[PDB]
């Protein structure tokens, strides 16, 4: 990295935010600057080129500026959809190469709490016929993005549990999943299995049974 900038930035909805990138005469000082937006799980998208111009389809809320050896992406009237990673880019005369800044994550303040939607699937008959059993606990649309998952077979099982870290969704909420690997004999030997999802002082438990 040859450009410097804030690793993360927050603001409220409706406000205006600045994202700065700093360099020197070999890059930002004497060359054109571009800005890119990257939403979760997608390729970057160009927002600003030639330091202050907007491609077609980029709303007027996004602006770009350059002073000295720093460039600035402005976002007036912040929206919940602006939540994203933002990257500045330019040409470096010393390197004779394009260069990127480290990136700035942008989070919009004041998002309401959302309880997780939990769906639990028992093993399918085809998997049982392959002599395996997997219980699948899918957790979506919760905010903030911190959850804990526990499993029960009437009592607490911890072996065979694999759970993902939460990942941001397109609507700015989070999702996670947990799997419980059993043998067919273990699955049929208990009255029920449960997935328990704890989020912000409340728990949601879903139960399945072989019968």
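Positions refer to the first chain, counted from 1.
- According to the PDB record, 99-107 carries the higher mean C-alpha B-factor of the two stretches 132-140 and 99-107.
- The PDB entry records a higher mean C-alpha B factor for 153-161 than for its counterpart among 153-161 and 37-45.
- Highest CA B-factor among the listed residues (76, 119, 90, 125): 76.
- Ranked by C-alpha B-factor against the other modelled residues of its chain, residue 208 falls in the lowest third.
- Ranked within its chain, residue 181 lands in the lowest third, by CA B factor from the PDB record.
- In the deposited entry, the Cα temperature factor of residue 196 places it in the lowest third of its chain's modelled residues.
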